[PDB]
Structures are given as C-alpha cells and as structure tokens.
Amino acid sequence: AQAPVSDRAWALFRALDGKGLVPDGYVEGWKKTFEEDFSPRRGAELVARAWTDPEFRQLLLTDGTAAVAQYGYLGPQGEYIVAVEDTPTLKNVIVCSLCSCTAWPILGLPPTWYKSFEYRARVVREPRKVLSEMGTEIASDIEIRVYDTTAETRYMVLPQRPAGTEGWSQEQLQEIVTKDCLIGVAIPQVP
C-alpha cells in the first residue's frame, strides 16, 4: 500500500525544503536544465560537425571529452565522453542494463523506453531482434556491438552519413540526426 506517487514526491521535497536544505529556486533550476539545456540537438550538432570536418571527427573519436568540451556541452552525467563510430560493417548501440546511464547533456534525459526492463534485458542479448522490432533492420553482414554503460564513460553513437546528403549544410544534417540515432537504435534517414 502506498500514497499516490505525486504526494510522496512532494512530501520528500517539502520535508527537505522545510528544513532549509534546498536552496531557493533549486529544483526549478534543475527542471529548466533538464527540459531546455540537455538536448539531443547538441549531439546532432556534434555529429554534423564530425560529418563535415575530418579534423573534428578525428578529435571526437580519439578524445570525445575534449571535442564535446569545445562546444561547451560537458555536464552532469556527461563528463567523460566516448563516441563510437558506425562503419559499413559495424552498428553500435548503447544501453544501461543496470539502470539508465545516458550522456544527458548531449542526448537528453533517457526516454521511458530506454529505461524499460524490456530494453535493459533484451538489447544486450538480442540486439538484432530488438532493433528489428523497433523498425531498424540490420543485415547479417553487419556486426552489432552493444555498449553497456556500467561505469562513468558516457557514450554517443556517430552514425554513418547517409547517401543523398552530399553537400548539405551542418544545419541540414543536424535535422536528420535524431535522439534514436545517437543512442544507436535508428539509422539517419534522408527525408
């Protein structure tokens, strides 16, 4: 038996706030960070830059932290970054099987599905079937590699750049790099 979750969450807030342990505007400030600042649009910007700038691509793949810091996008749950490169024979996918660990500042907070027991249990063992069910077909001639986020490394996938985007601006490329492309369950599509 439990009180409604909203009542329990606000009780926790009120118990701490009522003892002076929560600075003024504290939870409101975090809410703004979570809703407005942490965003997969940032990861998309990084990918589009890497796609159009071989030098940055090299930095991103060798020192992800430094590359992300150049854009000012390090942050909570995103202080040590490793980018993992898809290739014609390799598809990378990220999970946190133990909870929900995600590169928050550049991917945004994890979505419900990524935190689901279904994804946490299944993608490590049957990633091809999981991606297929989610709408992404990965051929047998492609190695699937699942990164389980079990420590402090926070990952992003650098997907392959699709044919048909040659010459596109960074802005145009950013639009096709979605949250799901950064997690690795989707491949960027030409609209």
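Start at 1 and count along the sequence shown; that's the residue number.
Peer 1: For the C-alpha atoms alone, is the average B factor greater in 64-72 or in 141-149, going by the entry?
Peer 2: It is 141-149 that shows the higher mean C-alpha B-factor.
Peer 1: As stated in the PDB record, which stretch has the larger average Cα B-factor, 78-86 or 99-107?
Peer 2: That would be 78-86.
Peer 1: Which has the highest CA B-factor per the PDB entry: 154, 122, 128, 57?
Peer 2: The listed residue with the largest C-alpha B-factor is 57.
Peer 1: Lowest, middle or highest third: where is residue 184 by C-alpha B factor in its chain?
Peer 2: Bottom third by C-alpha B-factor.
Peer 1: Among all modelled residues of this chain, ranked by Cα B factor, put residue 16 in the bottom, middle or top third, i.e. lowest, middle or highest.
Peer 2: According to the entry, residue 16 has a C-alpha B-factor in the chain's middle third.
Peer 1: Relative to the other modelled residues of the same chain, rank the CA B-factor of residue 22 and answer lowest, middle or highest third.
Peer 2: It belongs to the highest third of the chain when residues are ordered by C-alpha B-factor.
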